[PDB]
Amino acid sequence: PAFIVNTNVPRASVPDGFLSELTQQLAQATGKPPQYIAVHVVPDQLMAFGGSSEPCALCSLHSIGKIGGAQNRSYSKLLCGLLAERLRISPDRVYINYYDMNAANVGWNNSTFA
Amino acid sequence: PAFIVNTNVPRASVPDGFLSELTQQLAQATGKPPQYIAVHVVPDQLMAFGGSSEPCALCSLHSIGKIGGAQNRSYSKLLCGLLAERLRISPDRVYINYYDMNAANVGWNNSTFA
Amino acid sequence: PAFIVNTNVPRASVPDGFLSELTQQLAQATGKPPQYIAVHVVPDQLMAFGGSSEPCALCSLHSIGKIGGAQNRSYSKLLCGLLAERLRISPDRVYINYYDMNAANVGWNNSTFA
């Protein structure tokens, strides 16, 4: 799974250990080994949410399965909670797009997961 | 909706008020309330379009509905127009990927839209 | 087609010519003229893969068709090879997501490709 967060929060406000925390919580949430979890945080962005430049985030979670109605509600509580606690972003200024990827459509290690 | 523009145009060439203009025009075009429109502009990128490093852009528009053949043509005229007027990017050096998101696959405010 | 690479490798480690090499090889691989290939490299990112911050990459390849099981295996061999040779990224620390776009969902030149 791959989790990406783009935010207008500055780099200095991203705590040491945040990528490691996301890796662990995402492994737990998705049930996938942490060795397969990729995380990417992009601070200092030029962004607005509802016209406003108050802290906000646009995110994505891509996974081969483990994506669905109940699972995605659960992920959103988890991830919005982490963004609120660690980056001081209000959950109502976060979008997370969930993508259920086909294994044939994910490249890794010179081949695909199919 | 969420609109992301990645461009090799430098930051200093992005005019003041650009994120607000995007937010407004996208609310009008999509019919969505402006409080739900998110916008993200990423200048100074290392990019090429058709092998050339002349001004170009790669963009995305994600929306829960309001995506389709005619609607996307209309969006592209609006958005290419704005990139041309405000960033001086030729419309023929812009790609815009459109995504119709299922409500269950968009997280916001600790839950999803489903 | 549009190919995006996000990496923690620093900007100074991206060799001269790399966007052109990508453009050329992708044109050959996809069969699309190079005039229609866009490439975007994003270095110096805050990323972890499998819990560690050795060189890694998260990439995407969007194309109108020319996406499928065998094709995508072939693209991954090519692209992981290039990231290994030019950026010194181990192919087991690369994910590439492949998107088969509908022509009506790709904006260009004030309209769509439909």
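FYI, residue positions are counted from 1 along the chain as it appears here.
Method reported for this entry: X-ray crystallography, 1.8 Å.
Keep in mind that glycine also has a Cβ here, set from the backbone N, Cα and C atoms.
Annotation comment: Swiss-Prot describes B:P1 as active site, proton acceptor, evidence class similarity to another entry. Taken from Swiss-Prot, the feature substrate binding site applies to B:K32, B:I64, B:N97, supported by experimental evidence. Per Swiss-Prot, the feature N6-acetyllysine maps to B:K77. Residues annotated as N6-succinyllysine in Swiss-Prot: B:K77.
Residues from the set of recorded positions B:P1, B:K32, B:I64, B:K77, B:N97 situated with their C-beta under 8 Å of a chain C C-beta: B:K77, B:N97. Rounded to the nearest whole angstrom, the C-alpha distance between B:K32 (substrate binding site) and B:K77 (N6-acetyllysine) is 18. Under a cutoff of 8 A between CB atoms, and with a sequence separation of 6+ in the same chain, the neighbours of B:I64 (substrate binding site) are B:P1, B:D100, B:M101, B:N102, B:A103, B:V106, B:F113. When the Cα positions of B:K32, B:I64, B:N97 are compared pair by pair, the longest gap among these substrate-binding residues is 19 Å.
Taking every protein chain shown into account, B:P1, B:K32, B:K77 are the recorded positions, and of these the Cβ with the most other Cβ atoms within 10 Å belongs to B:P1. Reduced to three states, the DSSP call for B:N97 (substrate binding site) is strand. In the shown protein chains, 19 other C-beta atoms lie within 10 A of the C-beta of B:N97 (substrate binding site). On the backbone, the CA of B:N97 (substrate binding site) and the CA of the residue listed as 'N6-acetyllysine' stand 14 Å apart. In the three-state DSSP classification, B:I64 (substrate binding site) falls within coil. In the three-state DSSP scheme, B:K32 (substrate binding site) falls into the coil class.
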